[PDB]
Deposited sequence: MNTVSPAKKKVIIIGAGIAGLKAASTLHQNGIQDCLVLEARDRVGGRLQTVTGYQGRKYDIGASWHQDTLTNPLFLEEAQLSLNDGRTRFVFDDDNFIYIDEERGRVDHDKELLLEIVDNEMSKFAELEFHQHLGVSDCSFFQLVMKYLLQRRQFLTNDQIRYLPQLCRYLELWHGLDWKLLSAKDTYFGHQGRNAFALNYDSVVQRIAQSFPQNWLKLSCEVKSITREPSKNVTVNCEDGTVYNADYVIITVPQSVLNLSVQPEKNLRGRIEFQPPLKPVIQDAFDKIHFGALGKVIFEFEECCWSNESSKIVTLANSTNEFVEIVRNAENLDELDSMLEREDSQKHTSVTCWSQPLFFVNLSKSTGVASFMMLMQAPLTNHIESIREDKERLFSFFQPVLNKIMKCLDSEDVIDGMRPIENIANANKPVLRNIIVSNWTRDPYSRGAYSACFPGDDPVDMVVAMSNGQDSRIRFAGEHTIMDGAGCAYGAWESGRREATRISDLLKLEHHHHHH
């Protein structure tokens, strides 16, 4: 009364866990990890479904495997025990239109080839001063400038195909920033089997009594006497030499608004600095969501573990491109109810990569918010997705899906993410709207509220921004710093 801790970490996602791991590795005693949920892991969450099949409903992949320090760490472990922690599941993308059917690897459409050109065209637009536009506006520039060297079908389907990027950002192409759109993936992705393995291993690397679940932090206060007071929901009070705040950027955002009775919101005294407050105007939050379709057994072609359905497109669009006089003129005549074919869906066929009869599919805002809201009405979900499911089975030498919630594929269960509605995540991760500069947030975050009040988390770091390993590295960064500072006695 009040209990004195060396370091207090808020949030037990991967950033928080790694911070705690690092502090203990560094010999620091008497620390505490305060987590509002009843589980560790945060936006790493593995869930179980039909037949006890397991699925990562948060992050699934180790990305940038050539440099990903967290991935490398897993890999070194597997190299030593022979255990399977991940599988490389990069594959040839199957691309489907409702009408045309398969559209990938087409010797007429050559979509993947013009995609690479489209992308290289993008890279040549973004070398200082040049303003931001939506990724949509970017694709339209390309199509206009290159219409002479594109078939009508290329003009039609290419724009739909390049929108798989929506499922990497969790954002619609009209909402997505062209600048931050095309990013260099540093090597193949590795599918985690599963991520809870990663969370558990790190969780178990520090004192088990450091961990306090079901503990929502409500306020943090810098004492003029060079200490930090942390107040919890249940009236528990703590005093720390250092605090590392890892709550999602969206939750951290609640702080700069007046009304305090919001789940997750931390009251700051003195308030969060102007640089931190203003940085919120220049970075945003994506709604990447997941829907898991579990089937009795695989009754489809295992040609590929990567399937993308394209939203519908018109031949009328192609003529508008042919007939526009220039950009401004094209933007006008375009503006002159939502279904499954209204946007690109990314489907991961787990039967091929993991041997489980289930499709893990990804969706983006605004669809995600909508779909996560009705995540209780399973039959409405079935009807919504049924046309793209039947389409998929058809293009994979199978028949319509039968609602089982022979050789006909029978759906046994549907699982949906909840990241938008969960007060402790409030969306998927850091995303850029047109005009955004994520560098502002990273600089303000990595610089800290002050010497004692720090931040970590996916939204606080350049390399691996938005990714598990970025989060993981941010936590190590704050902790090694604090560890060094403390070691000076």
Seminar exercise, completed: The answer, as deposited-sequence ranges with no C-alpha, is 1-4, 132-133, 343-349, 419-426, 511-516
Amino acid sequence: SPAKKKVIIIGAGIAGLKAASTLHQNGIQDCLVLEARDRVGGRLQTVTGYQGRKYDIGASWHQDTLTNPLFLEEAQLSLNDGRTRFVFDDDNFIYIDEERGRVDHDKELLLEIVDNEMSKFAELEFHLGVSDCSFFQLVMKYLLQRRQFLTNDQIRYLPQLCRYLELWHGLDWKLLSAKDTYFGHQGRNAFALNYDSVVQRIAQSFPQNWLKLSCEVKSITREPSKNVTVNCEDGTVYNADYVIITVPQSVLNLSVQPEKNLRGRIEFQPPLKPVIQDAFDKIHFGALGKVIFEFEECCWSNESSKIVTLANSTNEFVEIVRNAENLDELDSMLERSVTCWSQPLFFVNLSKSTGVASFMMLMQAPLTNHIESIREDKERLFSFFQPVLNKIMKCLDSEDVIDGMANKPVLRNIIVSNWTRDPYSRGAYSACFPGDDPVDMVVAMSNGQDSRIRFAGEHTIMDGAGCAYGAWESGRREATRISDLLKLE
From here on, numbers count along this sequence of modelled residues.
Exercise. Taking only the CA atoms, which stretch has the higher mean B-factor in the record, 106-114 or 406-414?
Worked result: 406-414
Problem set entry | Mean C-alpha B-factor comparison - 145-153 and 189-197, higher one | 145-153
Problem set entry | Residue of maximum C-alpha B factor among 238, 164, 293, 126, per deposited coordinates | 126
Exercise. From 347, 285, 384, 419, which pick has the Cα B-factor that tops the rest in the entry?
Worked result: 384
Exercise. Going by the entry, which third of its chain does the Cα temperature factor of residue 216 land in?
Worked result: lowest
Seminar exercise, completed: Split the chain's modelled residues into thirds by Cα B-factor; residue 364 lands in the lowest
Seminar exercise, completed: Of the three thirds of the chain ranked by Cα temperature factor, residue 265 occupies the lowest
For this session: Just say lowest, middle or highest third for the CA B-factor of residue 389 relative to the other modelled residues in its chain.
Result: highest
Exercise. How does residue 182 rank on Cα B-factor within its chain, lowest, middle or highest third?
Worked result: highest
